[PDB]
Structure formats: C-alpha cells, structure tokens
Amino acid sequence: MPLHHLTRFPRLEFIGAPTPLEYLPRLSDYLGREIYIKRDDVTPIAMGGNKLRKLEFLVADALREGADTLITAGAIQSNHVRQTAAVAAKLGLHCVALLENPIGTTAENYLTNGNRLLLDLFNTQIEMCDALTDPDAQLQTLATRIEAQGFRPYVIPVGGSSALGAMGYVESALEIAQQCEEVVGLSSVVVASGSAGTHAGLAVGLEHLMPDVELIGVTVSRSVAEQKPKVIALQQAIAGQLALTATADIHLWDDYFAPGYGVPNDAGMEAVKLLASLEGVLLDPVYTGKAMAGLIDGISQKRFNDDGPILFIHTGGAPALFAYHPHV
C-alpha cells in the first residue's frame, strides 16, 4: 500500500517475472550463517544486471517525450552503457556513449573485450573522453552536438542513477519483501554502492516494507564521507516523488574498494573465487566481488546489527571478468 504512487510512473517491461531469490547453502555453511542472494544478474537483456531495472523507468520517460536517442556515460567496461545500448538496439533507438578509461590501462582485453566488445555489436556511437570530470555538463555538451544532427536525445546520467531510475529498486524491494514473506526472517541486506541509485531505491523500499532490516551499502568508488550525501540526496528525492518520508539512516562501509574504482583487489578476487567454487555463481572484480568481500568481512568482524540471515543483492557485472583477464 505505501509504495502505491509507484504505479504512476510509466515503465517498460524488460525483466518480466521477479528475479530469483535463492538460498546459498554452501556459502552459508562456510561463513557460518544464512546467506540468500537476489539474482538481479539474471535478467533477459544482454547478460543482465541492476541497470536494467532503472532503464525500465528511464527509457519509458524517454519514449513518453518523443526521444529517439539515448545518451549516457561510463567507464569503457561500464555495465550501464552496455545495458543502455542493448535496450536502445531492441527499441530501434540510437545510442551515444561517452566513455572514459578510469584506470589508465593499456591492456587489450580491458580496451576491446567484455562490455566494450558488446557495445560495437549494438551499433553504439562511441565518444571517447580523457576523464569524466563533470559528467552532467559533458553529457549536455554531447547532447547539443547530437541534437544539431536532428536526433532527439534523452540524457541518462552515469549509472542511470536519478530518482526516476532509482524507482527500479523501489520495485525490487517489493519483490524482495514478497519473496521473503513467510519464508525467511531477514536481518541484513548487502548491495554494492556506486552511482547510488540501487542503494537509494532499496533504502526507500525497505524502510517501508521491511523496516527492521539493516541495509548495508559497500562502496566501490568512494569513502563513506563522499558517498553518503549522494545516497541521501537520492533517497530523499525518491521519497518525495512517492509522497513518502524516509527517516532511515544510510549505512555504508568503505573498506573494500581500495586502491580505487575499477581496480581489482585481493579480497574481491577471493570473494569471486569463493562464490564460483562453492555456489557456481559469477561475481565481478569491479562491483559484486568487492561488495561480497564486504559481506564476508562484516560477518568476520561482527559488523552487522545482528547474527541473522543476510540477503546479497547480485547486481550483475560478470562480463567484466573477460575484460579484466588476464590482468589490468
């Protein structure tokens, strides 16, 4: 009932049915407590991911206003850009991608394999830049150039993280609540926290549907101090758009992303190897590997509010495995 103003926003159907919520018996056995996983990595469009939930709302908005071109930005190995380009192809929309190399790698698989390979298959127009120092401004400059060609552009921010995009994860929280109902008494939820839309959406949804559940964001690019205001801003904007209040404190752990965004670390790699070998589940070196390392250490250090079941949100990212191999 409380999230009913969600039905107001037009949305396209890219996912279909609720994604699986699975128990992880072998990981749970190893970690010494109940771990469940929300399989948002399993969606039907071009290798899946959390970004698709946001695109359901963003692209419906684009269509509503008569846009014929989607413009967005990210790393060369961005999952969002790949999912945006896939959706654009599907719908016969043009797509323009402003890409940066965030880690200064010259490794050929990072440069041309994985997500970047898929972009070419989707006929994405590629605009390279030195760095995304001011993505919102840089995207508008690009959109102006594109508009001059007679295209009707729709700008999608980095990671699809606007209040509207984040509605996708308010929706995901509904699924989670219904899937857990009479099945599992959840204590904590863990999600990677990057451009912040996923975290913020879940934060609003879970505050209203499962208020006693502790939502933990594991940062992938920023410290708590830098990240927290971004998550809060979105949380409040989302709540406002839904005619709701959001009084919950945002929780973030920033210990698991060093030496920085898009750079693999040992604990991340070990988390990837653990999920693959114990559960046959594929994580990624940029996002989910790092988020899972956070979950594991949180259990190790008793960081969670209590000992109860933890739900891991699998936000996707596996195609990056092929870009990061063998190194850099």
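Note that residue numbering follows the sequence shown and begins at 1.
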Inset, instruction - Please report whether at least a third of the other compared entries leave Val183 without coordinates. - result: yes
Inset, instruction - Look up the CA B-factors in the entry and say which stretch, 222-230 or 76-84, has the higher mean. - result: 222-230
Inset, instruction - Decide which of the stretches 183-191 and 248-256 has the higher mean C-alpha B-factor, going by the entry. - result: 183-191
Inset, instruction - Would you mind checking which of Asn113, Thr198, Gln235, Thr144 has the top Cα temperature factor in the PDB entry? - result: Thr144
Legend entry - Member of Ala97, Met210, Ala89, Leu164 with the greatest C-alpha B factor (per the PDB record): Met210
Inset, instruction - Could you say whether, by C-alpha temperature factor, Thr69 belongs to the lowest, middle or highest third of its chain? - result: middle
Inset, instruction - Sorting the chain's modelled residues by C-alpha B-factor, tell me whether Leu21 ends up in the lowest, middle or highest third. - result: middle
Legend entry - Lowest, middle or highest third - CA B-factor, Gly150: highest
Inset, instruction - Using the B-factor values recorded in the entry, state whether the Cα atom of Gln301 falls in the lowest, middle or highest third among the modelled residues of its chain. - result: highest
Inset, instruction - Taking the values exactly as deposited, rank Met269 by C-alpha B-factor within its chain and report the matching third: lowest, middle or highest. - result: highest
